[PDB]
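The chain below stands alone and is given as structure tokens, in the form solved without the ligand.
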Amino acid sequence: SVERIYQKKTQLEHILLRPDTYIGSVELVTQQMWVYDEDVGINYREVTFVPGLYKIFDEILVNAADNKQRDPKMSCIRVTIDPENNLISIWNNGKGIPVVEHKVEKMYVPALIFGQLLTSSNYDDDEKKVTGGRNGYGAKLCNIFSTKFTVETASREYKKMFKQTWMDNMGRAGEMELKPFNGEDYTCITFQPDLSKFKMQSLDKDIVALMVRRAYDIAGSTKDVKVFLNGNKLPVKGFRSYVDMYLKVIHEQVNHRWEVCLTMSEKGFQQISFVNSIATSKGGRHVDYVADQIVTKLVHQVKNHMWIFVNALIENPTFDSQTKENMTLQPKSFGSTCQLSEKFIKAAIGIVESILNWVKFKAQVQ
């Protein structure tokens, strides 16, 4: 009884036993947000989906983007969503993953970082990196919440092609398959989400609408990277064009680590931001960093008329929940500063309207 009452759990068991701790809610939620609907495009609706499922997807997408930092020659990302076969696949070019056995861990690097918990190349904070990768859980959580998870990576360097498959929530893997290789390097993660774990019948419209919009986010938050979806290249060419989709407008590429866009808001303070290609959908201090700067410059009263669009690269970011929707790192510990051109600060005044304040010269009488 003492043994049945006081239990010790393995890590894998705990993740499956307490999902919401690692990937967020595995229950349905309903809330308004920007999605990209088939035939209608990017719009702001009400949506019902499981955050846990959107997350394991986001994890593999960001890893794809992250590879851009690791290798600048990366040119594009190819996303594939197929509801009927319940298949998702993310592909990226750029330096593949070293297909060689890891001397300390005693196993091939790919099998190590996609099949073992707490494995990562972002564990050394002296590197001060601007990747979304950080905790080393991501790819594994997706693997842990898939019925089938496949990893295929190719590195010219070690001149080999690695391919392996996991099944039943990473509870069993297939036989590692290696082949000689010599070509352009690529990596492709193909997974079948364990929809049972999320109490879903299939990849419905909403969740698909969310994911598709994320591919657009990537296409807009990364640099010199082309994003493909189901075979068609998305029409995003930088942040500005991306921001455009919402406005169909003061802009500025402060530097290599920033880019901001402002515009009026008839619906209170509106913000849309990204940190290392992560969709910080609730906010963060990186967004409050620019806002409060722009605001004060021309002065809460004014902020509420703003629709800010921020896209930054931050060193070793720090977030709230597992849904990483609200960043917190201190503006001091950013790795760079964001200051507007005299121009911007100027071409940003054409929001000012003491008109409502002036017109406030009404009189209340019986």
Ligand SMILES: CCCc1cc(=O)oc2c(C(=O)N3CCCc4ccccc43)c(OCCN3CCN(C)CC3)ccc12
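Position 1 is the first residue in the sequence shown; the rest follow in order. We call the rigid core the largest set of C-alpha positions that still match within 1.5 Å between the two forms.
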{"item": "Gap size between residue 351 and residue 350, counted in deposited residues that the entry leaves unmodelled", "value": "1 to 3"}
{"item": "Missing from the model but present in the deposited sequence, between residue 248 and residue 249", "value": "10 or more"}
{"item": "Mean Cα B-factor comparison, 147-155 or 261-269, giving the higher one as deposited", "value": "261-269"}
{"item": "Residue range whose averaged C-alpha B-factor is higher in the record, 284-292 or 186-194", "value": "284-292"}
{"item": "Out of 211, 142, 225, 178, highest CA B-factor residue", "value": "178"}
{"item": "Top Cα B factor in the deposited entry, candidates 64, 28, 33, 329", "value": "329"}
{"item": "Relative C-alpha B-factor of residue 60, binned into the chain's lowest, middle or highest third", "value": "lowest"}
{"item": "Cα B factor band for residue 8 (lowest, middle or highest third within the chain)", "value": "lowest"}
{"item": "Within-chain third of residue 71 by Cα B-factor, per the entry", "value": "middle"}
{"item": "Relative C-alpha B-factor of residue 126, binned into the chain's lowest, middle or highest third", "value": "middle"}
{"item": "CA B-factor placement of residue 201, once the chain's modelled residues are sorted into thirds", "value": "lowest"}
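Omitted from view is the form solved in complex with the ligand, to which the following refers.
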property: Residue among 240, 213, 78, 257 with a heavy atom within 4.5 Å of the ligand in the deposited complex; result: 213
property: In the deposited complex, the one of 291, 161, 272, 229 near the ligand [non-hydrogen atom within 4.5 angstroms]; result: 272
property: Exercise: residue 154 in contact with the ligand in the deposited complex, heavy atom 4.5 Å; result: no
property: Residue 325: touches the ligand in the deposited complex, heavy atom cutoff 4.5 angstroms; result: yes
property: Residue contact check: residue 34 to the ligand in the deposited complex, 4.5 Å heavy atom; result: yes
property: Contact label in the deposited complex: residue 165 to the ligand, heavy atom within 4.5 Å; result: no
property: Segment that reaches the ligand in the deposited complex - one of 172-180, 230-238, 191-199, 272-280, heavy atoms within 4.5 Å; result: 272-280
property: Those residues of 243-269 which, in the deposited complex, come within 4.5 Å of the ligand by heavy atom; result: 246, 267
property: Flag for residue 322, CA shift 2 Å or larger between this form and the one not shown after aligning core; result: yes
property: Residue 336 C-alpha relocation of at least 2 Å between this form and the one not shown, rigid core basis; result: no
